[PDB]
Amino acid sequence: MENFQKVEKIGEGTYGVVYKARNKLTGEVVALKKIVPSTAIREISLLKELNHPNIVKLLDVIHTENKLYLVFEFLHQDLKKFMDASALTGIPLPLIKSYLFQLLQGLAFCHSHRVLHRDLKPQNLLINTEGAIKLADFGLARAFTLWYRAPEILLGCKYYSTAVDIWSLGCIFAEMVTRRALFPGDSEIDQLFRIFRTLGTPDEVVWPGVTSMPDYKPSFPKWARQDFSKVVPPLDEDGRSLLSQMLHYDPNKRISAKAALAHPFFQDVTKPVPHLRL
Ligand SMILES: COc1ccc(CC(=O)Nc2cn([C@H]3C[C@@H](NC(C)=O)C3)cn2)cc1
């Protein structure tokens, strides 16, 4: 750690604290996260090879006085803050589209290597002045806010799939569009009931096997599904059709990232430049 010079505290992943920092030798400005089991060391090392333009570059992993430091490339803003800054006007649709598309490319990549994110959230989607958006916190959940949690996780499935990331990203896509989080649950049961209230209480018809899940209860209230035209209103038919497929209850019916990149919604995808200020 002697090689780094802390500049400012950037946030707290509650994994540890994150600092904006400068590399004394390189001159590089990076994000240092202060986090050690051998298993964690080996899984972290494999994250060092999972390089993609839409994944925050893990630069180095330092382990000393048995404390763990992750050195990432630094990005100047995150999607939570950009959404909050774009709240009066809303992010332009072409920019929503480009961000969704790039995150899907990032997810198609990790998922093809069998790596899952497990905790997507606007705060860990980082953006730069060039129009790029990147997945961050990536792979660390296997290694070491419920609003984006997929329902199979909340119902207690132990062996959930890459579909949990598609669910999370659909919720983020809806929030970009409406400027309000989709399912702002403040407890696990509140999160599940907010989902049920919008998409209908799941049953064996739409989700085979749902009733045998560990935390599934036959006493759950039975709500009717609503339509997506009422849930993400401004969005066109292509976008709403894609969102409904990213939000299918059954994890096996939910669209994959790779198939989502082929959806008609991306026919006119472009890469606009965002208006940022730091
Ligand atoms: C004015 O202060 C700020 C505040 C926030 C930000 C954006 C940001 O968070 N950038 C960032 C994080 N990382 C790594 C992602 C790693 N975080 C975790 C928890 O994995 C740090 C790289 N670039 C920029 C400046």
Side-chain angles (χ1 to χ4, degrees), residues 1 3-24 26-37 40-64 67-87 91 95 99 102-103 105-107 109-110 113 115-149 164-165 168-169 172 175-176 273-278:
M1 260 311 101
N3 297 103
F4 294 92
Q5 175 105 69
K6 297 173 178 149
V7 173
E8 44 184 88
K9 183 146 57 158
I10 317 194
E12 329 294 293
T14 73
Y15 262 142
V17 50
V18 174
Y19 287 83
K20 177 157 191 198
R22 182 181 296 283
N23 182 308
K24 261 154 217 187
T26 323
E28 234 165 5
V29 158
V30 303
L32 306 174
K33 166 196 220 167
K34 324 230 197 148
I35 306 285
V36 133
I41 269 311
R42 275 163 219 150
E43 302 189 321
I44 279 290
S45 281
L46 300 170
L47 299 169
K48 311 205 251 161
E49 282 192 5
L50 178 73
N51 297 138
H52 184 97
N54 299 112
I55 297 281
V56 184
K57 194 169 181 38
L58 170 54
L59 289 174
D60 264 290
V61 183
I62 301 165
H63 190 197
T64 42
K67 246 193 257 299
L68 193 54
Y69 303 85
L70 309 189
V71 189
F72 297 87
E73 144 208 25
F74 173 86
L75 278 86
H76 286 84
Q77 195 162 291
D78 64 59
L79 188 67
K80 184 43 64 153
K81 302 191 192 218
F82 184 58
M83 276 194 302
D84 293 346
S86 298
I91 301 184
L95 189 54
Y99 281 169
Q102 290 179 58
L103 298 176
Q105 291 181 286
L107 285 188
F109 181 82
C110 308
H113 285 69
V115 171
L116 332 193
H117 188 284
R118 307 170 203 269
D119 199 12
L120 296 167
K121 60 192 141 222
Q123 297 223 92
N124 311 307
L125 303 175
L126 312 179
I127 58 177
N128 64 25
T129 50
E130 243 71 53
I133 188 164
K134 313 183 165 207
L135 295 155
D137 281 8
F138 197 90
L140 306 186
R142 171 158 213 184
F144 316 108
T145 182
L146 300 171
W147 296 359
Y148 316 87
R149 222 145 271 165
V164 304
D165 295 333
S168 304
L169 185 65
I172 295 171
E175 195 177 334
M176 288 192 279
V273 341
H275 72 298
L276 304 193
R277 205 121 184 197
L278 304 161

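Side-chain atoms are counted along with the backbone in the values below, which use heavy atoms only and exclude waters and symmetry mates. Atoms within each ligand, like the ligands themselves, are counted from 1 in listed order. Numbers here are sequence positions counted from 1.
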(message) Show me which atoms of ligand 1 lie under 4.0 Å from any heavy atom of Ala136.
(response) 15 (C)

(request) Measure the shortest side-chain to side-chain distance between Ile91 and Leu79 over non-hydrogen atoms and say whether it is less than 4.5 angstrom. (result) yes

(message) Could you identify the single nearest non-hydrogen protein atom to atom 7 (C) of ligand 1 and state the distance to 0.1 Å?
(response) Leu75 O, 3.3 Å

(request) Please examine the side chains of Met176 and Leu95, heavy atoms only from C-beta on, and report whether any two atoms are closer than 4.5 Å. (result) no

(request) Would you check if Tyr19 and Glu8 make a side-chain contact, meaning some heavy-atom pair closer than 4.5 Å? (result) no

(request) May I ask you to test the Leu169-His117 pair for a side-chain heavy-atom distance under 4.5 Å? (result) no

(request) Work out whether the distance between some heavy atom of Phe74 and some atom of ligand 1 is less than 4.0 Å. (result) yes

(request) Just say parallel, tilted or perpendicular for the rings of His76 and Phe74, cut-offs at 30° and 60°. (result) perpendicular

(message) Testing the basics here: between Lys80 and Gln123, what is the closest heavy-atom pair and its distance to 0.1 Å?
(response) CB-N, 3.8 Å

(message) Within the 4.0 Å heavy-atom shell around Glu8, which atoms of ligand 1 are there?
(response) 1 (C), 2 (O)

(message) Does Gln5 form a side chain to side chain contact (heavy atoms under 4.5 Å, CB included) with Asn23? I'd like the steps, not just the answer.
(response) CA-CA 7 Å; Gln5 175 105 69; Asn23 182 308; over 6 Å; no

(message) Only heavy atoms of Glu73, strictly under 4.0 Å: list the atoms of ligand 1 that pass.
(response) 22 (C), 23 (N)

(request) Within a distance under 4.0 Å of any heavy atom of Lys81, pick out the atoms of ligand 1 and give their elements. (result) 4 (C), 5 (C)

(message) Does ligand 1 come near enough to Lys33 that some N or O of the ligand is less than 3.5 Å from an N or O of the residue?
(response) yes

(message) Tell me the protein heavy atom at minimum distance from atom 5 (C) of ligand 1, and give that distance in Å.
(response) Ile10 CG2, 3.2 Å

(message) Distance under 4.0 Å to a non-hydrogen atom of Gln77: what atoms of ligand 1 satisfy this?
(response) 7 (C)

(request) Can you label the angle between the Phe82 ring and the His275 ring as parallel, tilted or perpendicular, going by 30° and 60°? (result) tilted

(request) Considering heavy atoms of the protein only, find what lies nearest to atom 24 (C) of ligand 1 and give residue, atom and distance to 0.1 Å. (result) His76 O, 3.4 Å

(request) Look at atom 17 (N) of ligand 1 and say which protein heavy atom is nearest, naming residue and atom and giving the distance to 0.1 Å. (result) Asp137 OD1, 3.8 Å

(request) Could you see which bit of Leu126 sits under 4.0 Å from ligand 1, with heavy atoms only: side chain, backbone, both or neither? (result) side chain

(request) Give the ring-plane orientation class for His52 versus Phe109, where under 30° counts as parallel, over 60° as perpendicular and anything between as tilted. (result) tilted

(message) Using a 4.0 Å cutoff against the non-hydrogen atoms of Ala31, which atoms of ligand 1 qualify?
(response) 13 (N), 14 (C), 21 (C), 22 (C)

(message) Taking 4.0 angstrom as the limit and counting only heavy atoms of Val18, give me the atoms of ligand 1 inside it, by number and element.
(response) 21 (C)

